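Asker: only the shape, not the letters, is given here:
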RNA sequence: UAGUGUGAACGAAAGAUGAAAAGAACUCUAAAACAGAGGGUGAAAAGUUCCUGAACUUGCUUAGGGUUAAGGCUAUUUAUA
RNA sequence: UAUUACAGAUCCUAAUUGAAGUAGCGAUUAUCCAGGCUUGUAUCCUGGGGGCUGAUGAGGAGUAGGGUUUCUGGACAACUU
RNA sequence: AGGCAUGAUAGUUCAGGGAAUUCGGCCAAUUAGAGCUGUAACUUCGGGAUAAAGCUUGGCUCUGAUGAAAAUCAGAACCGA
RNA sequence: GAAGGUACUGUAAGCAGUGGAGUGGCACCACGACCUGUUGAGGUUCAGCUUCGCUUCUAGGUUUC
C-alpha cells in the first residue's frame, strides 16, 4: 500500500537521509509488514533495504 | 485481430519543430504514443524505460530520430509495446515488418 | 480647424468590407464591351501561380534616363495548362437583368467535371451525374436548344474547365493497355476541375454560335487567347493572414509608450454625438484573403513544354529551363506559362483567372519594346550561386 | 504600513488570566479590568447595569445561598 | 450559549414525525452504509430541523403568441382595428 | 376594544433570481516511463530517468506565540480553486 | 488535454539617422573589474579625483625574483575569427 | 527512405604525421594551445521546399427527402 513509515525508520537505523534508502520492488510485501525497528534491522542484514553509495562530486 | 511487430524510424525534429521549447521532450513521447496507436490501431500504448531514458538523455529542451520496435500483444484486448532498438546510423532504414 | 491638424484618411473606403472571400478562383465581375464585328475571340483564361523570378531587360525609351540601358525587373510566372470546353450558355436581356436561356452540353463529359457536383466522391457508389448518355433525349434536345439561342439570347458564354489529366497507378510501368487509369491531381492536390464561363466578344450572336460550337469539345491553349505585349488584368484572391490588430490592418500611428492598457490601438473610436460607432472607423478583424483585380499587367513571354529551350533567351546559345534549380511550395512547370511583369495577387498554388483589359492605354509603356537579355534560374533556398546544374560540375567537378 | 505588515510582531500578551475573575488581568498594571482585583471590593458601575448582572449573584452555583431562600418559602406559605 | 475584540464591553440563529417508533426486515442492480427499485409498517408516509407547505425561481407535460421590448383598456365572428 | 389594512422609506429580517456554465482556477523547479495497492491515481507508495533548492537553503534546531498540530491504526459527507 | 492569429505583460534584436519624440533624454542604451600611464579650473589647502583622457587583459610552453611556504608578481616565446 | 535535387553552417570525431615556442627523461620515448592529411567534411534540410519508390499503413458513426 504505502512504505512511508519504513523509509523514515530505515533512515534513522542506517544513519542516512530518506534520499539514500534503496528498497526493492520484488519484495514490497515483506517490507510493508515491518512496523518496528528490530523488524527493519533484519531486513537490512538480508540485503533487501540498502544504504546506497553517495552521488559523485570529483575534484 | 492480428499480433505483429514493426520496426520504424520516427522523425522527431519535425514532430517538435516550432513547438514550445521547454515542452519538447514531453511532446516527443506524446508523438510516439500517438504515432504508435495509429500504427497498430491500438487504444493503449506502453513505452519501455530504455526508450524513455533515450528521449530524455539530452535534457528537457530531444533526439532528432529514433528507431522503435512496436509490438501488438494481448492482455483479447491488444496492446502496443513500443521499445528501443539501438542502431549506429539511420541511412537506409525503411519501415519494415519482423518475423 | 477642429481636427487640430490635417492628415489624409487611414485606409481605403472603397474596398469594404475587409473580410474573407470563399471563392477558390478569381470571379470575374464584368467583361469588356464587345467591339461588334471582327471575330468572337475568347477573353478569359485560368492559370495557377507557380512562383517568381527576376529578369534583366534592356530598355528602349526615347527621352528618358534609361535609354539603351539594362533594367532588373521582378517577374511572376503563372503555369497555364490547356483547358477544355464543355458547355455553352445564352443570356437574354430583360428589365431585371441578364437572365439565362439554357445551357447546352457536349456529347460526353469527363469525370473531372462530375467531381464538382459532389462533396463526397469517395463515398458515392452510384456516382450518377450528367446522365445525358441516353441517346434519344440528348441528340434531339441539343438542336432544339441551339435553335432557341439564335432566337432570344444576345450574349453567349462558353463553359470550360481545367485539365487535371490522367496517369497510371504506382509501380505499374505506364504506357500499357491492361493497366487501370486514374486522375492525377494538380500541384495543389485537386482532381475536381475549376469550371468557369467565358464571354465571347464576337459580333452577330449567330456568328458566335459558329465559333463557340466549333470550339466545343476541344482544348484551348493560351497562344490563341493572349499574345506577347498584351496588357492583362489578373483576378484572384489574395494572401490570408487571419485576425489582425488596428495598427497593422489600417496602418495607423500607434500611441505613446506610456499608455495604460497598451498602445496597439486607435484611441478615439468617435465623438459623443452621434451616439454610435461609424462604419468609417478603423477596427480589429480579418486581414488578407480578399478578392481583388489588378490592371495593366504586361506579359513578357509565352511558354511551351524535351528541348527545354524555354528558359533561355535569344542570346548566350546555352539552353536553360524556366524552373529554378531545385524547383518552393510548387512544382516544375511542364506546361504553357506566362512571364507576367511584377506582382500577381495571391499565394503560390492559387488559381488566377486572367482577363483582357476593359479599356486601352495610350501611355507608351503599354506599347514598349520587350527584349529580354537574360533570366534568373537560381534556387530560392535561399542564396543561389549556380544558375544551372551544368555550371556545378564545371565549377566543382570533383567531390566525394 | 499601518495594516497587514504591522500586525506581524503581535506576539506579546497584554492581559493574562485573573485569579478572582478567572476571565484580562493587566500584567504591567497588575489589575483585573473586569473585576478590579486586587481591590478588596469587586468592580461594578451603575452605567453597566446590563454587564453587571452577568457576573452577579444568580449566575453561579449559589451553594450556601439557595438553601437560605428555601427556608423562607417554608416559614411563609 | 455559539461567536468577536489586547481590553472595558458586545451578543445571535434555532419550537411542531405519529395516538403509539409500529424509526422501514428481507431480496434485486451495484465495487459499495453511493443511489435507487421491489416488498412491508401505519387510519394516512406524515420517513427523521419529518403537521399545514403560500409566493419569487426552476423542471417535465399540454396549448397558443412572436419583424413592432412586453403589459393594459374598448370592440367583436380571437387575431386583428 | 385595539401593538387594526402597505408597493415604495439608499426601510428591517428571511429566502431567491438574471448576469452565468460566463469572469476565472493565480504565485511557487519540470516533469516522464514502468510496477505495487485499488471499482478508480499524473497526484498515494516503490524503482529508474530528467530537474530544482544550491549553507541567511521549503536543511537541522530554538525564544515569543500556538496548544496536541506530534505518533500508529482505520476513514473520505465536507475541506486542502 | 489541445491550439498559437490578435491583444496584455516580462524579455532579447533592430538598416540609415541620433532626442527631430516629449511639459521634461521619462525610459532604455553607452560606461564599468583590475594593472600601467595621466589628471584641470576652483579650494575652508583637507578636498576636487575613480576628475577627464589613453592603453593592456585570453590560451598554451617556459624563465626569473621574494618567502619556510604547496603562494603571488614580474618578464619572454608561440598560437587563432 | 533515396537523390552528382536544393539549402544553412564551415572542415565532425578518431587516427596518423622527419609538422610544432619548448620543458622533462632513457641510451629516441613522455607532455604540448595549435597546424597539415583523411575532409567543401560532419551535422541539419518540411515541420508550410521539390522530384520518384507498390518499403510500411489505412476504421467506423448519425440524421436529412
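Answerer: Received it, and whenever you're ready, just let me know what you need. Numbers count the residues shown, from 1 in each chain, chains lettered A, B, ... in the order given.
Asker: on the three-state scheme, residue C:89 is what?
Answerer: When classified by DSSP: H, G, I helix; E, B strand; the rest coil, residue C:89 comes out as strand.
Asker: which ones are touching the residue lying farthest from the centre of chain B?
Answerer: Here chain B reaches farthest from its C-alpha mean at residue B:76, the gap being 23.3 Å by CA atoms, centre = their mean. Contact partners of residue B:76, counting by CB atoms under 8 Å, 6 or more residues apart in numbering or on different chains, are residue B:1. In short, each C-beta sits where N, CA and C put it, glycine included.
Asker: what about whatever residue of chain D ends up closest to RNA strand H, how many residues close to it?
Answerer: Residue of chain D nearest RNA strand H, by CB to the nearest atom of the strand: residue D:4 (49.4 Å). Residues lying near residue D:4 (other CB atoms under 10 Å in any protein chain shown) number 7.
Asker: and the gap between residue C:199 and residue C:232?
Answerer: According to CB to CB, to the nearest Å, residue C:199 stands 16 Å off from residue C:232.
Asker: residue C:189: neighbouring residues, count only.
Answerer: Neighbour tally, residue C:189, other CB under 10 Å: 8.
Asker: do the same with residue C:120
Answerer: Residue C:120 has 6 nearby residues by other CB under 10 Å.
Asker: gap between it and RNA strand F?
Answerer: 33 Å (CB to the nearest atom of the strand, to the nearest Å).
Asker: spit out the contact partners of the closest residue to residue C:188 other than its chain neighbours.
Answerer: Spatial nearest neighbour of residue C:188, chain neighbours left out: residue C:349 (4.8 Å); criterion: CB to CB, 6 or more residues apart in numbering or on different chains. The contact partners of residue C:349, taken as CB under 8 Å, 6+ apart, are C:48-49, C:186-188, C:329-330.
Asker: what about 10 Å?
Answerer: Counting by CB atoms under 10 Å, 6 or more residues apart in numbering or on different chains, residue C:349 makes contact with C:48-51, C:79, C:186-190, C:329-331.
Asker: tell me the buried residues within those residues.
Answerer: Buried members of these, counted by 16 or more other CB atoms under 10 Å in any protein chain shown: C:48-51, C:79, C:186, C:190, C:330-331.
Asker: nearest to RNA strand E: which residue in chain A?
Answerer: Closest point on chain A to RNA strand E, by CB to the nearest atom of the strand, is residue A:1, at 17.1 Å.
Asker: right, and that residue touches residue A:32 too?
Answerer: Yes - between residue A:1 and residue A:32 there is a contact at 6.7 Å, judged by CB atoms under 10 Å.
Asker: so which of those two has more stuff around it?
Answerer: Neighbour totals were compared for residue A:1 and residue A:32, and residue A:32 leads with 13 against 5 (other CB under 10 Å).
Asker: so what's that one closest to, chain neighbours aside?
Answerer: residue A:3 (6.2 Å).
Asker: if I pick that neighbour, what's in contact with it?
Answerer: Neighbour list for residue A:3: A:10, A:21, A:23, A:28, A:31-32, A:34, A:49 [criterion: CB under 10 Å, 6+ apart].
Asker: inside strands: which ones of the residues you listed?
Answerer: Judged by DSSP state E, strands contain none of the contacts of residue A:3.
Asker: kindly write the PyMOL command that selects the buried subset of these.
Answerer: A single PyMOL command selects the buried members of the contacts of residue A:3 (16+ other CB under 10 Å):
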select buried, chain A and resi 10+21+23+31+34+49
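Asker: now the contacts of residue A:3 in CSV, with distance to RNA strand F?
Answerer: CSV is the format used below for the contacts of residue A:3 (distance: CB to the nearest atom of the strand, whole Å):
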residue, distance to RNA strand F
A:10, 10
A:21, 6
A:23, 4
A:28, 5
A:31, 8
A:32, 8
A:34, 10
A:49, 8
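Asker: need the contacts of residue A:3 in a markdown table (columns: distance to residue D:58).
Answerer: Converted to a markdown table, those look like this (distance: CB to CB, whole Å):
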| residue | distance to residue D:58 |
| --- | --- |
| A:10 | 64 |
| A:21 | 66 |
| A:23 | 68 |
| A:28 | 67 |
| A:31 | 66 |
| A:32 | 63 |
| A:34 | 63 |
| A:49 | 68 |
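Asker: RNA strand F contacts on chain A?
Answerer: A:1-5, A:7-8, A:18, A:21-25, A:28, A:35 (CB under 7 Å from any atom of the strand).
Asker: quick one: which of the residues you listed is nearest to residue C:41?
Answerer: For those, the residue nearest residue C:41 by CB to CB is residue A:25; the value is 85.8 Å.
Asker: the stretch 301-400 of chain C: helices as residue ranges?
Answerer: Applying DSSP state H, counting those that start in this stretch to the stretch 301-400 of chain C gives helices spanning C:389-395.
Asker: quick one: the strands in it?
Answerer: Assigned by DSSP state E, counting those that start in this stretch, the stretch 301-400 of chain C shows strands spanning C:336-341, C:351-356, C:372-375.
Asker: tell me the strands beside the shortest one, with direction?
Answerer: According to DSSP bridges, strand C:372-375 has the following sheet partners: strand C:45-59 (antiparallel).
Asker: what helices and strands are in contact with the very next helix or strand once past the partner strand?
Answerer: Remark: after strand C:45-59, the chain's next helix or strand is strand C:69-80, criterion DSSP states H and E. Applying 3 or more CB pairs under 10 Å, 6 or more residues apart in numbering or on different chains; DSSP states H and E, one finds that strand C:69-80 contacts strand C:45-59, strand C:231-237, strand C:291-302, strand C:336-341, strand C:351-356, strand C:372-375.
Asker: can you redo those as JSON lines with distance to RNA strand E?
Answerer: Shown next, in JSON lines, are the helices and strands packed on strand C:69-80 (distance: least, CB to the nearest atom of the strand, whole Å):
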{"stretch": "strand C:45-59", "distance to RNA strand E": "43"}
{"stretch": "strand C:231-237", "distance to RNA strand E": "34"}
{"stretch": "strand C:291-302", "distance to RNA strand E": "31"}
{"stretch": "strand C:336-341", "distance to RNA strand E": "49"}
{"stretch": "strand C:351-356", "distance to RNA strand E": "39"}
{"stretch": "strand C:372-375", "distance to RNA strand E": "62"}
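Asker: tell me which of the ones you listed sits nearest to RNA strand G.
Answerer: With CB to the nearest atom of the strand as the criterion, RNA strand G lies closest to strand C:231-237 of these, at 17.4 Å.
Asker: quick one on the thing from earlier: mind checking how far the residue nearest to residue A:32 is from RNA strand G?
Answerer: Counting by CB to the nearest atom of the strand, the gap from residue A:3 to RNA strand G is 27 Å.
Asker: please report how far the residue nearest to residue C:188 lies from residue D:64.
Answerer: As judged by CB to CB, residue C:349 and residue D:64 stand 109 Å apart.
Asker: one more: residue D:48?
Answerer: 27 Å.
Asker: when these two are compared, which one has more neighbours?
Answerer: Set residue D:48 next to residue D:64 and count neighbours by other CB under 10 Å: residue D:48 wins out with 12 against 7.
Asker: what about that one, which SS state?
Answerer: Secondary structure assignment for residue D:48 (three-state DSSP): helix.
Asker: report the contact partners of it.
Answerer: Counted by CB under 10 Å, 6+ apart, residue D:48 has contacts D:54-55.
Asker: what is the burial count for the residue of the stretch 151-300 of chain C found nearest RNA strand H?
Answerer: Closest residue of the stretch 151-300 of chain C to RNA strand H, CB to the nearest atom of the strand: residue C:171 (2.4 Å). Per other CB under 10 Å, the neighbour tally for residue C:171 reads 6.
Asker: on that earlier part again, which one of the residues of chain A next to RNA strand F is nearest RNA strand H?
Answerer: residue A:22 (34.4 Å).
Asker: in chain D, which spans are strands?
Answerer: Taking DSSP E as the criterion, chain D carries its strands at D:15-16, D:25-26.
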